[PDB]
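In: my complex, first installment, coordinates as in the assembly:
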Amino acid sequence: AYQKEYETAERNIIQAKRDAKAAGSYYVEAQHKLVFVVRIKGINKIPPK
Amino acid sequence: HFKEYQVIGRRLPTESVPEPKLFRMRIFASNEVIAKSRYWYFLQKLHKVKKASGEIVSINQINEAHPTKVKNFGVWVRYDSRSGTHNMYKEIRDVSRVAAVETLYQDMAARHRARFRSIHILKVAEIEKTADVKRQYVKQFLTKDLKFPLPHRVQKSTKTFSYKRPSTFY
Amino acid sequence: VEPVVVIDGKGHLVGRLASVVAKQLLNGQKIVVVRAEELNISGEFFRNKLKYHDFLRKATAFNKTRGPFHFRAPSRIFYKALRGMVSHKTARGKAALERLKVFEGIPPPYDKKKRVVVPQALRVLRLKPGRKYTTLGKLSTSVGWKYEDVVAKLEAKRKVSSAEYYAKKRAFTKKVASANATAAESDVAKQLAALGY
Amino acid sequence: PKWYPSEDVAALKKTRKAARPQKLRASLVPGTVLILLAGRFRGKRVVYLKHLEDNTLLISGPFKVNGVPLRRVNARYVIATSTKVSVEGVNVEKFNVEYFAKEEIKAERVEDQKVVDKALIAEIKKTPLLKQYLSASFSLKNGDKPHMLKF
Amino acid sequence: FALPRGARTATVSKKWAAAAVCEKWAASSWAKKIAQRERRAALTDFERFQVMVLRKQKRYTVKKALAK
């Protein structure tokens, strides 16, 4: 069910983008909701805040 | 490698102002993130729109119509340096707009020491007919039946020792 | 690749040639440098002459002899240039330097043996066309070298009878090529041609 | 044995490692001419006949050609060449792991070598210069690049 | 070979076929050298032995011819 849901969601997104392109109206892309953050600097000389 | 992108923003439409001016411009960048950042910077500078109330309607990549056709490109560039900002115009004989803008950026970083941070691409246009080019170094390649040699070729050596005394003839 | 490599220093850059020779020495390769006087250095002659003076002007006060040593021979200059590129004052560096020999011209028996060149160190391959350059022999003569006349005199003799040796080799190769041609079109020759030979 | 363990020794846990048959490389095919790299017969061109159950290759000189008898050679210490010689006419099923056991040359071994040589000599002579090529040893020369040479 | 300035792919191919530059290229010693190098790189050990035997025979024949 989850695989089918993902496939349907991606197909719907692509179809909506294509329809918006064809209709000449701008597409309202969904706002991002998940982000992955990775530390880059070390554990020293970092300001307290 | 540079790429051409199109970005449009309409400052988060609010009540009584639906569908604002919808500022449109073409931005050359190596990736979508850099294109969006440059679009935001241009909006902040030239216009009064900032990312606080801004919105990216859509970002698209534009491919050159004829990637295998030689063209003469006229570029109007406004760049900032140690001195005050000033306008600049240059002519480039390239095949694609992306290559022309890349060569312009390389020349600016080489001659004027201006880098991508303080360079603005106002407009890129194609020169259709001859005698419209205003730069001699571009007219140089427009001469009919242009033939020239390549004296003193820098041949590459794959081994430290060569028992031939190579000649640079071409 | 070769137990000993003879490098023709004529028309070569001192810096690149010395660097490559030192690198090969550190790899355990024996190299012999010839025609040092013909070595070339980039830049106009006056700049090279001025550069030489400022390194010998530092003569030590208390002990000049035990201090800097100023050598005029082109081979000595090349060795000094290459010496700094090697980790001297150490056993590894000292052993490597033993594998290098520098001579003016081509003294025997090297005169009768094949010699090679370094493409990356050629003056006519690296320097931009039309740029000024300096000759090591002329600089050495200006700074005190007194053997340029004899070096040229006995190098001219080196070309003498070596032109004759090459003429004899050409005559022999004429007959060799004739024998190869008359031996062509045979079954063995046809098979060799088919097999890439 | 009847003797109970006189000291406490922990038994081994049930191991799970099946003895799958060797997955020989494609280049190694019966009848292919092989080149020995290490051993008493290093650098001696030999022929490939059969794959033994002990993950070793049964190779014959043949003995009458270069003196190499029926021997067991590891695959990893052999170079496989594109050249091949017919082997369907040579009987090799008799040889096995127990055949090479060592419990003044065994008479049966000599007879088997003679039979193999007789069977394979016709196939070797089927192509010109094949016997001479097998007899000649293999060695490297200046300018030879194994990573560039084709075998 | 002659070629109009800024010719397209079709015209370039047509002119290439008409000029028959390929035939001239093969006849030149440069293309022959390339082909010989490729063939040598494609040689096999048995082919190398055959080449050695043929070279020995050719050398014997040449030496017999020489000094006569």
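Out: Looks like it came in fine. Residues are numbered from 1 along each chain as shown, chains lettered A, B, ... in the order given.

In: hey, let's count contacts and neighbours off CA atoms from now on
Out: Noted.

In: chain E contacts on chain D?
Out: Counting by C-alpha under 8 Å from any C-alpha of the partner chain, chain D comes close to chain E at D:81, D:82, D:83, D:129, D:133, D:148, D:149, D:150, D:151.

In: quick one: the spatially closest residue to the fourth one that is not a sequence neighbour from residue C:195, how far?
Out: When you say that, I think you mean residue D:129. Nearest-residue entry for residue D:129: residue E:50, 7.5 Å, with adjacent residues in sequence omitted and distances by C-alpha to C-alpha, 6 or more residues apart in numbering or on different chains. In this view, residue E:50 and residue C:195 are 9 Å apart by C-alpha to C-alpha, to the nearest Å.

In: can you tell me the closest non-neighbouring residue to residue B:116?
Out: residue B:105 is the one closest to residue B:116 (C-alpha to C-alpha, 6+ apart), at 6.9 Å.

In: what about the one you found, which SS state?
Out: Following DSSP: H, G, I helix; E, B strand; the rest coil, the label given to residue B:105 is helix.

In: repeat that for residue C:25.
Out: Classification of residue C:25 using three-state DSSP returns helix.

In: is it true that it touches residue C:94?
Out: No: counting by C-alpha atoms under 8 Å, residue C:25 stays clear of residue C:94, with 10.6 Å between them.

In: and these two? Which one has more around it.
Out: Applying other C-alpha atoms under 10 Å in any protein chain shown to residue C:25 and residue C:94 shows that residue C:25 carries more neighbours, namely 20 against 14.

In: now for the spatially closest residue to that one that is not a sequence neighbour: which residues touch it?
Out: Once flanking residues are discounted, residue C:25 sits nearest to residue C:96: 5.4 Å by C-alpha to C-alpha, 6+ apart. Taking C-alpha atoms under 8 Å, 6 or more residues apart in numbering or on different chains, we find residue C:96 in contact with C:25, C:26, C:28.

In: for residue D:151, same thing?
Out: Shown in contact with residue D:151 (C-alpha under 8 Å, 6+ apart): D:79, D:80, D:81, D:82, E:44, E:45.

In: and then chain F:
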Amino acid sequence: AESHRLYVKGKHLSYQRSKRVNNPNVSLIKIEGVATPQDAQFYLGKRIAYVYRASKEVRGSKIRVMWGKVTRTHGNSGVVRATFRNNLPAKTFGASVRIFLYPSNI
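Out: Placing chain F onto the earlier chains gives this:
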């Protein structure tokens, strides 16, 4: 007959080292005829033997051999890292070494 070589001669440059620290456990070996890492990839896993003459005779011979293996490529000039059972004396810098074709895959 003329030649019995079945190995590719090489040179031992130096141990894997930084600007001021060296790791003798890893040795850098230069292989003749190798100029790029792709070419050196074929030599990975090949046995490396260093042959030298010893003053004393121990096993009826005056030659003592130290064995090793090729681990991975090093740099862009074809240099390949190698690890031996016992590290090299560090006096062999530039010494000739032998690389065999076994274990072979071709």
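
In: repeat for the contacts of residue D:151, accounting for chain F.
Out: Applying C-alpha under 8 Å, 6+ apart to residue D:151 gives the contacts D:79, D:80, D:81, D:82, E:44, E:45, F:106.

In: swap in residue F:3?
Out: If you count contacts by C-alpha under 8 Å, 6+ apart, residue F:3 has them with D:139, D:140, D:141.

In: among these, which are in strands?
Out: Among the contacts of residue F:3, DSSP state E puts none in strands.

In: now narrow the residues you listed to whatever sits close to chain B.
Out: Within those, nothing lies near chain B by C-alpha under 8 Å from any C-alpha.

In: most neighbours, which of those?
Out: Of all the contacts of residue F:3, residue D:139 has the most neighbours under the rule other C-alpha under 10 Å, reaching 17 neighbours.

In: tell me if I'm right that that residue and residue F:8 touch.
Out: No: using C-alpha under 8 Å, residue D:139 is not in contact with residue F:8, being 11.1 Å away.

In: of the contacts of residue D:151 - the most surrounded one?
Out: Highest neighbour count within these, by other C-alpha under 10 Å: residue D:80, with 24 neighbours.

In: in chain F, what residue is nearest chain E?
Out: Nearest to chain E, among the residues of chain F, is residue F:106, at 13.0 Å (C-alpha to the nearest C-alpha).

In: next one: that residue from chain C, what distance?
Out: As defined by C-alpha to the nearest C-alpha, to the nearest Å, residue F:106 lies at a distance of 23 Å from chain C.

In: residue most distant from the centroid, chain A?
Out: If you look at how far each residue of chain A sits from its centre, by C-alpha atoms, centre = their mean, the farthest one is residue A:45, at 33.7 Å.

In: so it is in which element?
Out: In the assignment (DSSP states H and E), residue A:45 maps to no helix and no strand.

In: also residue A:4?
Out: Counting by DSSP H and E, the element that carries residue A:4 is helix A:2-23.

In: what lies in contact with that helix?
Out: By C-alpha under 8 Å, 6+ apart, the residues outside helix A:2-23 that reach it are A:26, A:27.

In: quick one: the strands in chain E?
Out: Under DSSP E, chain E gives no strands.

In: could you also fit RNA strand G onto it:
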RNA sequence: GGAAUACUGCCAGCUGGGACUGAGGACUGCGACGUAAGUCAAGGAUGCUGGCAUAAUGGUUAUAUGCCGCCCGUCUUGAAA
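Out: Let me add RNA strand G to what's already shown:
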């Protein structure tokens, strides 16, 4: 008018070359193949081969050499000094 290719991202797609690790110690569990019996790459390696008692191999001293390492303790001054 029509496909192909470049680029991006996916493959619970396939398959070679190289290096280190073999940790646990009779079964208890999650799993796969198989109608079943049974098998398996499934909570950590097994089988075979070659060297050995005037052994295999290992240990100590200096020299042979790739690199690094300021002379120790207390006390001044925020430190070195």
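
In: try the contacts of residue D:151 again now we have RNA strand G.
Out: Each residue near residue D:151 by C-alpha under 8 Å, 6+ apart is listed here: D:79, D:80, D:81, D:82, E:44, E:45, F:106.

In: try 6 Å this time
Out: Residue D:151 makes contacts with D:81, E:44, as judged by C-alpha atoms under 6 Å, 6 or more residues apart in numbering or on different chains.

In: need the three-state assignment for it.
Out: Under the three-state scheme (three-state DSSP), residue D:151 adopts coil.

In: next one: residue B:73
Out: Residue B:73 - assigned by three-state DSSP - is strand.

In: run a quick neighbour tally on the residue nearest to residue D:73 when sequence neighbours are not counted.
Out: Distances taken as C-alpha to C-alpha, 6+ apart put residue D:57 closest to residue D:73, at 5.3 Å, once the chain neighbours are dropped. For residue D:57, the count of nearby residues is 22 (other C-alpha under 10 Å).

In: what about residue D:57, distance to residue C:50?
Out: Counting by C-alpha to C-alpha, the separation of residue D:57 from residue C:50 is 74 Å.

In: residue nearest the centroid of chain B?
Out: Nearest residue to the geometric centre of chain B (C-alpha atoms, centre = their mean): residue B:101, 1.5 Å.

In: which ones are touching the residue nearest to residue D:73?
Out: Listed by C-alpha under 6 Å, 6+ apart, the contact set of residue D:57 reads D:51, D:72, D:73.

In: roughly how far apart are the last one and residue D:51?
Out: This means residue D:73. Taking C-alpha to C-alpha, one finds residue D:73 at 10 Å from residue D:51.

In: so residue C:191 belongs to a strand, correct?
Out: No: counting by three-state DSSP, residue C:191 is not part of a strand but helix.

In: neighbours of the residue of chain B found nearest RNA strand G, how many?
Out: Residue of chain B nearest RNA strand G, by C-alpha to the nearest atom of the strand: residue B:63 (9.3 Å). Using other C-alpha under 10 Å, residue B:63 has 13 other residues around it.

In: give me the nearest residue to it, chain neighbours excluded.
Out: Nearest to residue B:63 is residue B:4, by C-alpha to C-alpha, 6+ apart, at 7.3 Å.
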